[PDB]
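**Q** Structure supplied as query-v6.cif; contents: mmCIF, C-alpha atoms.
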data_final
#
loop_
_atom_site.label_atom_id
_atom_site.label_comp_id
_atom_site.auth_asym_id
_atom_site.auth_seq_id
_atom_site.Cartn_x
_atom_site.Cartn_y
_atom_site.Cartn_z
CA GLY A 1 15.07 60.19 -16.48
CA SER A 2 14.48 58.38 -19.77
CA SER A 3 16.31 57.01 -22.81
CA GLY A 4 17.55 60.31 -24.21
CA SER A 5 20.67 62.47 -24.02
CA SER A 6 23.74 60.23 -24.19
CA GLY A 7 26.24 61.49 -21.63
CA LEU A 8 29.05 59.20 -20.50
CA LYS A 9 29.27 55.71 -19.02
CA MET A 10 32.06 53.92 -17.15
CA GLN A 11 32.67 50.60 -15.39
CA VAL A 12 34.13 49.74 -11.98
CA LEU A 13 37.69 48.40 -12.07
CA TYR A 14 37.81 47.91 -8.30
CA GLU A 15 35.12 47.58 -5.63
CA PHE A 16 34.88 50.61 -3.34
CA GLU A 17 33.12 51.22 -0.03
CA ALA A 18 31.41 54.50 0.90
CA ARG A 19 31.60 56.00 4.39
CA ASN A 20 29.35 59.04 3.99
CA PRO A 21 25.86 60.13 2.84
CA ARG A 22 27.53 61.73 -0.19
CA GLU A 23 29.47 58.65 -1.30
CA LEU A 24 27.96 55.50 -2.81
CA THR A 25 29.08 51.87 -2.56
CA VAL A 26 30.14 50.24 -5.83
CA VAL A 27 31.42 46.81 -6.87
CA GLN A 28 33.86 45.62 -9.53
CA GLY A 29 32.59 44.63 -12.96
CA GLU A 30 29.56 46.91 -12.68
CA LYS A 31 28.15 49.28 -15.29
CA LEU A 32 27.41 52.81 -14.07
CA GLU A 33 26.71 56.19 -15.68
CA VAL A 34 28.87 59.26 -15.09
CA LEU A 35 27.27 62.58 -14.15
CA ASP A 36 29.96 64.94 -12.87
CA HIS A 37 33.49 64.15 -14.05
CA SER A 38 34.94 67.59 -13.30
CA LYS A 39 36.14 67.56 -9.69
CA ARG A 40 38.87 65.15 -8.58
CA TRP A 41 36.06 62.77 -7.63
CA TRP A 42 33.50 61.67 -10.23
CA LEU A 43 29.78 61.26 -9.54
CA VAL A 44 27.93 58.20 -10.84
CA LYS A 45 24.49 56.64 -10.43
CA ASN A 46 23.09 53.11 -10.17
CA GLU A 47 19.93 51.44 -11.46
CA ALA A 48 18.26 52.00 -8.09
CA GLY A 49 18.59 55.71 -8.82
CA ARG A 50 21.17 56.50 -6.15
CA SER A 51 24.11 58.72 -7.11
CA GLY A 52 27.30 58.93 -5.08
CA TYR A 53 30.89 60.14 -5.36
CA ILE A 54 33.56 57.67 -6.44
CA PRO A 55 37.30 57.72 -7.27
CA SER A 56 37.84 57.93 -11.03
CA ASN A 57 40.74 55.58 -10.31
CA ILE A 58 38.23 52.72 -10.31
CA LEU A 59 36.66 53.87 -13.58
CA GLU A 60 37.70 52.57 -17.00
CA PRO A 61 36.64 53.53 -20.55
CA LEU A 62 34.08 50.79 -21.20
CA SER A 63 35.60 49.45 -24.42
CA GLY A 64 33.45 48.15 -27.26
CA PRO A 65 33.26 46.87 -30.85
CA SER A 66 32.81 50.48 -31.95
CA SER A 67 34.93 51.16 -35.03
CA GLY A 68 38.07 53.27 -34.82
#
Would you mind writing the file's structure down as structure tokens?
**A**
Amino acid sequence: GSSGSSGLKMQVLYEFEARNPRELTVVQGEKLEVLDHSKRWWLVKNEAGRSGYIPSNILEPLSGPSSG
């Protein structure tokens, strides 16, 4: 893991709580990186290095000054 390939990044619109070893707890207003956005549930990771499943419903397209 190092500054390289630029995949996809998303933020948390609503805080969610995990209830399994596969899911990860996330808060609102947080910046996370997407890994697997294929299945109904998307997989993200945190700074700590932990990756868990989360509902894409709480994921928004981190807007930016990028032209368009």
**Q** Would you please work out which residue, of A:20, A:5, A:46, A:28, is nearest to residue A:59 when using all atoms listed in the file?
**A** A:28
**Q** Nearest to residue A:53 among A:11, A:25, A:6, A:66, with distances taken over all atoms listed in the file: which residue is it?
**A**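 Under the stated criterion, the closest residue is A:25.
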**Q** Just say which residues the PyMOL selection byres ((chain A and resi 60) around 9) picks in this file, as a VMD selection string.
**A** chain A and resid 10 to 13 56 to 59 61 to 63
**Q** At what distance in Å, to one decimal, does atom CA of residue A:51 lie from atom CA of residue A:23?
**A**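 We find that atom CA of residue A:23 and atom CA of residue A:51 lie 7.9 Å from each other.
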**Q** So the first atom is atom CA of residue A:45 and the second is atom CA of residue A:3; what is the distance between them in Å, to one decimal place?
**A**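 Interatomic distance here is 14.8 Å.
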**Q** Please determine, counting all atoms listed in the file, which residue among A:9, A:14, A:1, A:64 has the shortest atom-to-atom distance to residue A:27.
**A**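 Among A:9, A:14, A:1, A:64, it is A:14 that comes nearest to residue A:27.
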**Q** Would you work out the distance separating atom CA of residue A:68 from atom CA of residue A:34, expressed in Å to one decimal?
**A**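 The value is 22.6 Å.
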**Q** Using only C-alpha atoms, can you tell me which of A:8, A:32, A:65, A:37 comes closest to residue A:49?
**A**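 Between A:8, A:32, A:65, A:37, the residue approaching residue A:49 most closely is A:32.
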